[PDB]
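Colleague: Below you'll find the structure I mean.
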Amino acid sequence: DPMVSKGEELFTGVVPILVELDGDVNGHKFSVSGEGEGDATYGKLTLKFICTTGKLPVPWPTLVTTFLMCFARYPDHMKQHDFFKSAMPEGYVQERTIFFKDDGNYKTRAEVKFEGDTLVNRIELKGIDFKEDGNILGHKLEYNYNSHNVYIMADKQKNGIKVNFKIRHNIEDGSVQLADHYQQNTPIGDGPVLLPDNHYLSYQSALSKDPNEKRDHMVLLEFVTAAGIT
């Protein structure tokens with residue numbers, strides 16, 4: 001299927017990634033740069049994020065979902081349902097509202113596209129209504145991350161997809177801070193895209209630190225595999 005081919009030839013081996021984020025959460029301004037590489041054959045992303053403006057005013061874990069669904073490993077039987085690679089190289093927009101239960105919300109707007117050989121994720125993030133002393137602005141979340149499944153459905157009237165899912169962030173006391181994610185993606189180009197049957201992506205995420213890095217930063221290893229169409 002030459003539409004499948006177009007995605008395969010773009011994603012074949014290891015593809016460099018650049019991420020750039022501009023953020024304002026309750027008027028705490030910050031910027032994050034990330035670099036690393038994706039290997040869609042294995043659903044594998046390896047990334048290091050640096051807060052280039054100093055101390056990151058929110059917990060690193062709360063930005064993980066915002067910081068590349070095009071690197072998902074779609075099994076062979078599901079390749080006709082991979083919207084994300086089908087929109088490349090021109091790319092897609094990914095927008096979210098992330099509601100932190102009993103606290104504020106993030107609103108994010110991203111553009112994911114090729115710039116030459118490099119796959120780039122340009123993000124603006126606005127956080128409003130956060131509590132001073134709450135789990136987010138008060139840095140009360142643990143530096144770890146749970147596995148979650150993300151359910152993708154077509155958003156046919158918009159030629160794109162929509163996704164709704166819950167992330168549970170462990171709080172330092174043993175409890176959990178729920179982050180309800182609403183998401184919409186639309187292609188940037190005029191070209192056709194693959195609109196998927198309902199299915200999910202299965203995420204595994206591991207957070208670490210560069211022992212040689214003095215800046216405020218996050219090392220992120222993620223594995224992402226499509227499933228749920230047998």
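In the structure tokens, each chain is lettered A, B, ... as it comes, each chain's residues begin at 1, and ligands are numbered from 1 in order of appearance.
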Give me, as a Markdown table, the closest atom pair and its distance (Å, one decimal) for every residue of region 53-156 of chain A within a cut-off of 9 Å of region 166-171 of chain A, counting only C-alpha atoms, rows sorted by chain and rising number.
Modeller:
```
| residue | atom | partner | partner_atom | distance |
| --- | --- | --- | --- | --- |
| A:61 | CA | A:169 | CA | 7.5 |
| A:62 | CA | A:169 | CA | 7.7 |
| A:65 | CA | A:167 | CA | 8.9 |
| A:135 | CA | A:171 | CA | 7.4 |
| A:140 | CA | A:171 | CA | 5.8 |
| A:141 | CA | A:171 | CA | 4.4 |
| A:142 | CA | A:170 | CA | 5.6 |
| A:143 | CA | A:170 | CA | 8.3 |
| A:144 | CA | A:170 | CA | 7.5 |
| A:145 | CA | A:169 | CA | 6.8 |
| A:146 | CA | A:168 | CA | 7.3 |
| A:147 | CA | A:167 | CA | 8.9 |
| A:148 | CA | A:167 | CA | 7.1 |
| A:149 | CA | A:166 | CA | 9.0 |
| A:150 | CA | A:166 | CA | 8.3 |
```
Colleague: When you look at residue 72 (chain A) with a cut-off of 12 Å (counting only C-alpha atoms), what residues show up, excluding the ones that are within fewer than 3 positions of it in the same chain? I need them as number ranges by chain.
Modeller: A: 7, 11, 38-45, 68-69, 75, 78-79, 81-85, 150, 200-204, 222-227
Colleague: Keeping only N, CA and C atoms, write the selected residues to a file as an mmCIF file, in the first residue's frame.
Modeller:
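Result file again.cif:
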```
data_model
loop_
_atom_site.group_PDB
_atom_site.id
_atom_site.type_symbol
_atom_site.label_atom_id
_atom_site.label_comp_id
_atom_site.auth_asym_id
_atom_site.auth_seq_id
_atom_site.Cartn_x
_atom_site.Cartn_y
_atom_site.Cartn_z
ATOM 1 N N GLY A 7 5.091 6.283 4.952
ATOM 2 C CA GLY A 7 5.416 6.294 6.448
ATOM 3 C C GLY A 7 6.618 5.407 6.803
ATOM 4 N N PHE A 11 10.154 6.647 8.629
ATOM 5 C CA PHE A 11 10.427 6.182 9.989
ATOM 6 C C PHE A 11 11.430 4.974 10.090
ATOM 7 N N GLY A 38 14.184 8.495 17.968
ATOM 8 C CA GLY A 38 13.057 7.533 17.934
ATOM 9 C C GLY A 38 13.290 6.417 16.947
ATOM 10 N N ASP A 39 12.810 5.225 17.307
ATOM 11 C CA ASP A 39 13.025 4.036 16.464
ATOM 12 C C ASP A 39 11.637 3.383 16.470
ATOM 13 N N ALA A 40 10.795 3.783 15.470
ATOM 14 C CA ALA A 40 9.402 3.382 15.398
ATOM 15 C C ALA A 40 9.275 1.862 15.194
ATOM 16 N N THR A 41 10.356 1.273 14.638
ATOM 17 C CA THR A 41 10.296 -0.197 14.417
ATOM 18 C C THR A 41 10.051 -0.980 15.746
ATOM 19 N N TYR A 42 10.639 -0.421 16.829
ATOM 20 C CA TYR A 42 10.631 -0.949 18.162
ATOM 21 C C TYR A 42 9.672 -0.109 19.104
ATOM 22 N N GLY A 43 9.014 0.920 18.560
ATOM 23 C CA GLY A 43 8.143 1.818 19.385
ATOM 24 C C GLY A 43 9.008 2.532 20.437
ATOM 25 N N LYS A 44 10.301 2.793 20.127
ATOM 26 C CA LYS A 44 11.192 3.249 21.183
ATOM 27 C C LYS A 44 11.590 4.738 21.066
ATOM 28 N N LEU A 45 11.426 5.501 22.171
ATOM 29 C CA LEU A 45 11.878 6.934 22.206
ATOM 30 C C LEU A 45 12.857 7.088 23.354
ATOM 31 N N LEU A 68 4.773 12.188 21.077
ATOM 32 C CA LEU A 68 5.455 11.831 19.772
ATOM 33 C C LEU A 68 4.850 10.514 19.328
ATOM 34 N N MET A 69 3.518 10.551 19.081
ATOM 35 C CA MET A 69 2.761 9.319 18.845
ATOM 36 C C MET A 69 3.153 8.722 17.490
ATOM 37 N N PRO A 75 1.643 -2.828 15.062
ATOM 38 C CA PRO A 75 1.813 -4.166 14.453
ATOM 39 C C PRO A 75 1.472 -4.190 12.938
ATOM 40 N N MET A 78 -2.103 -3.820 11.845
ATOM 41 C CA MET A 78 -2.745 -2.517 12.159
ATOM 42 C C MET A 78 -2.181 -1.320 11.370
ATOM 43 N N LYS A 79 -1.245 -1.568 10.468
ATOM 44 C CA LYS A 79 -0.646 -0.466 9.778
ATOM 45 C C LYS A 79 -1.577 0.476 9.012
ATOM 46 N N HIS A 81 -4.015 1.721 10.155
ATOM 47 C CA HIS A 81 -4.658 2.581 11.157
ATOM 48 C C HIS A 81 -3.749 3.556 11.862
ATOM 49 N N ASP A 82 -2.614 3.800 11.234
ATOM 50 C CA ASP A 82 -1.584 4.662 11.841
ATOM 51 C C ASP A 82 -1.726 6.116 11.264
ATOM 52 N N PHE A 83 -2.603 6.885 11.906
ATOM 53 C CA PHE A 83 -2.878 8.264 11.466
ATOM 54 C C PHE A 83 -1.579 9.064 11.529
ATOM 55 N N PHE A 84 -0.848 8.850 12.619
ATOM 56 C CA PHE A 84 0.260 9.737 12.957
ATOM 57 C C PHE A 84 1.365 9.744 11.908
ATOM 58 N N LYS A 85 1.795 8.563 11.458
ATOM 59 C CA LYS A 85 2.832 8.567 10.374
ATOM 60 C C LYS A 85 2.208 8.994 9.056
ATOM 61 N N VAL A 150 -3.914 4.375 26.045
ATOM 62 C CA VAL A 150 -4.457 5.658 25.458
ATOM 63 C C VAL A 150 -5.434 5.158 24.365
ATOM 64 N N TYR A 200 -5.984 1.238 20.849
ATOM 65 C CA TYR A 200 -5.251 1.933 21.868
ATOM 66 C C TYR A 200 -3.721 1.882 21.580
ATOM 67 N N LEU A 201 -3.026 2.815 22.206
ATOM 68 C CA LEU A 201 -1.532 2.744 22.309
ATOM 69 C C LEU A 201 -1.216 2.415 23.736
ATOM 70 N N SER A 202 -0.266 1.515 23.913
ATOM 71 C CA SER A 202 0.195 1.077 25.240
ATOM 72 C C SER A 202 1.519 1.728 25.503
ATOM 73 N N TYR A 203 1.518 2.525 26.552
ATOM 74 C CA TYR A 203 2.726 3.267 26.925
ATOM 75 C C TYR A 203 3.411 2.620 28.120
ATOM 76 N N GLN A 204 4.735 2.489 28.003
ATOM 77 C CA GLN A 204 5.634 2.285 29.165
ATOM 78 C C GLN A 204 6.591 3.491 29.225
ATOM 79 N N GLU A 222 10.698 5.774 26.664
ATOM 80 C CA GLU A 222 9.269 5.390 26.453
ATOM 81 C C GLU A 222 9.194 4.280 25.389
ATOM 82 N N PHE A 223 8.267 3.338 25.572
ATOM 83 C CA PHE A 223 7.975 2.305 24.584
ATOM 84 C C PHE A 223 6.475 2.467 24.336
ATOM 85 N N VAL A 224 6.096 2.411 23.051
ATOM 86 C CA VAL A 224 4.726 2.743 22.671
ATOM 87 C C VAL A 224 4.356 1.717 21.605
ATOM 88 N N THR A 225 3.311 0.964 21.886
ATOM 89 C CA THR A 225 2.871 -0.100 20.968
ATOM 90 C C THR A 225 1.372 -0.048 20.738
ATOM 91 N N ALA A 226 0.968 -0.040 19.447
ATOM 92 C CA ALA A 226 -0.464 -0.053 19.148
ATOM 93 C C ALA A 226 -1.015 -1.444 19.429
ATOM 94 N N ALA A 227 -2.282 -1.461 19.819
ATOM 95 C CA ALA A 227 -2.987 -2.733 20.034
ATOM 96 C C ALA A 227 -4.525 -2.542 19.984
#
```
Colleague: Separation of CA of residue 125 (chain A) and CA of residue 206 (chain A), in Å?
Modeller: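 The value is 22.5 Å.
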Colleague: With only C-alpha atoms as the basis for distance, which of A:192, A:116, A:104, A:228 is at the shortest distance from residue 179 (chain A)?
Modeller: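 The shortest atom-to-atom distance to residue 179 (chain A) comes from A:104.
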Colleague: For the structure I just gave you, how does DSSP split region 34-198 of chain A - specifically, which residues are strand (DSSP E)? Reply as JSON, numbers by chain.
Modeller: {"A": [34, 35, 36, 37, 38, 39, 44, 45, 46, 47, 48, 49, 50, 51, 92, 93, 94, 95, 96, 97, 98, 99, 100, 105, 106, 107, 108, 109, 110, 111, 112, 113, 114, 115, 118, 119, 120, 121, 122, 123, 124, 125, 126, 127, 128, 148, 149, 150, 151, 152, 153, 154, 155, 160, 161, 162, 163, 164, 165, 166, 167, 168, 169, 170, 176, 177, 178, 179, 180, 181, 182, 183, 184, 185, 186, 187]}
Colleague: At a cut-off of 7 Å, using only C-alpha atoms, what residues contact residue 120 (chain A)? Leave out same-chain residues fewer than 2 positions from it and give the result as a PyMOL selection string.
Modeller: chain A and resi 17-19+112-115+118+122
Colleague: Find the spatial neighbours of residue 36 (chain A), counting only C-alpha atoms, within a cut-off of 6 Å - ignore same-chain residues fewer than 5 positions away - and output them as a list in words.
Modeller: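 Surrounding residues, per the criterion: residues 16, 17, 46 and 47 of chain A.
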Colleague: Which neighbours of residue 98 (chain A) fall inside 8 Å, counting only C-alpha atoms, when residues of the same chain fewer than 4 positions from it are skipped, and could you give them as JSON, numbers by chain?
Modeller: {"A": [105, 106, 107, 179, 180, 181, 182]}
Colleague: If we count only C-alpha atoms and set the cut-off at 12 Å, which residues sit around region 20-26 of chain A, ignoring sequence neighbours fewer than 4 positions away in its own chain? Please answer as a ChimeraX atom specification.
Modeller: /A:30-35,48-53,56-59,62-64,66-67,103-112,119-132,136-137
Colleague: Keeping C-alpha atoms for every residue in the selection just given, could you write it to a file as a PDB file, in the first residue's frame?
Modeller:
```
ATOM      1  CA  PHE A  30       9.765  28.597  31.553  1.00  0.00           C
ATOM      2  CA  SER A  31      11.293  26.958  28.486  1.00  0.00           C
ATOM      3  CA  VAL A  32      12.353  23.361  27.896  1.00  0.00           C
ATOM      4  CA  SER A  33      14.549  21.942  25.100  1.00  0.00           C
ATOM      5  CA  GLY A  34      14.721  18.228  24.390  1.00  0.00           C
ATOM      6  CA  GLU A  35      16.892  16.108  22.119  1.00  0.00           C
ATOM      7  CA  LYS A  48      16.697  14.231  27.456  1.00  0.00           C
ATOM      8  CA  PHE A  49      14.760  17.483  28.408  1.00  0.00           C
ATOM      9  CA  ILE A  50      16.518  20.491  29.919  1.00  0.00           C
ATOM     10  CA  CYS A  51      14.816  23.469  31.549  1.00  0.00           C
ATOM     11  CA  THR A  52      16.894  26.218  29.916  1.00  0.00           C
ATOM     12  CA  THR A  53      15.359  29.046  32.069  1.00  0.00           C
ATOM     13  CA  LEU A  56      11.218  23.969  36.266  1.00  0.00           C
ATOM     14  CA  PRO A  57       8.227  25.366  38.268  1.00  0.00           C
ATOM     15  CA  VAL A  58       6.152  22.183  37.865  1.00  0.00           C
ATOM     16  CA  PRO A  59       6.950  18.475  38.393  1.00  0.00           C
ATOM     17  CA  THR A  62       3.407  16.288  34.719  1.00  0.00           C
ATOM     18  CA  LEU A  63       5.025  17.194  31.364  1.00  0.00           C
ATOM     19  CA  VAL A  64       5.761  13.629  30.117  1.00  0.00           C
ATOM     20  CA  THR A  66       3.117  16.723  26.461  1.00  0.00           C
ATOM     21  CA  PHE A  67       6.752  16.009  25.563  1.00  0.00           C
ATOM     22  CA  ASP A 103      -6.074  21.679  40.977  1.00  0.00           C
ATOM     23  CA  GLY A 104      -5.409  23.617  37.693  1.00  0.00           C
ATOM     24  CA  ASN A 105      -5.331  22.714  34.034  1.00  0.00           C
ATOM     25  CA  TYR A 106      -2.740  22.718  31.199  1.00  0.00           C
ATOM     26  CA  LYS A 107      -3.793  23.679  27.703  1.00  0.00           C
ATOM     27  CA  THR A 108      -1.202  22.602  25.101  1.00  0.00           C
ATOM     28  CA  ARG A 109      -0.825  23.237  21.400  1.00  0.00           C
ATOM     29  CA  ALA A 110       1.888  21.296  19.516  1.00  0.00           C
ATOM     30  CA  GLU A 111       3.050  20.880  15.936  1.00  0.00           C
ATOM     31  CA  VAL A 112       4.819  17.648  15.071  1.00  0.00           C
ATOM     32  CA  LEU A 119      11.390  15.050  13.684  1.00  0.00           C
ATOM     33  CA  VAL A 120      10.437  18.209  15.615  1.00  0.00           C
ATOM     34  CA  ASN A 121       7.718  18.740  18.358  1.00  0.00           C
ATOM     35  CA  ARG A 122       7.112  22.533  18.930  1.00  0.00           C
ATOM     36  CA  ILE A 123       4.844  23.048  22.016  1.00  0.00           C
ATOM     37  CA  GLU A 124       3.164  26.023  23.715  1.00  0.00           C
ATOM     38  CA  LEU A 125       1.785  25.171  27.197  1.00  0.00           C
ATOM     39  CA  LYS A 126      -0.501  27.469  29.341  1.00  0.00           C
ATOM     40  CA  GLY A 127      -1.413  26.402  32.922  1.00  0.00           C
ATOM     41  CA  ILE A 128      -4.131  28.235  34.766  1.00  0.00           C
ATOM     42  CA  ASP A 129      -5.919  28.001  38.112  1.00  0.00           C
ATOM     43  CA  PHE A 130      -3.196  26.091  39.923  1.00  0.00           C
ATOM     44  CA  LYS A 131      -2.877  26.039  43.774  1.00  0.00           C
ATOM     45  CA  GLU A 132       0.289  27.648  45.184  1.00  0.00           C
ATOM     46  CA  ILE A 136       1.867  20.660  41.069  1.00  0.00           C
ATOM     47  CA  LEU A 137       3.260  24.171  42.038  1.00  0.00           C
TER      48      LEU A 137
END
```
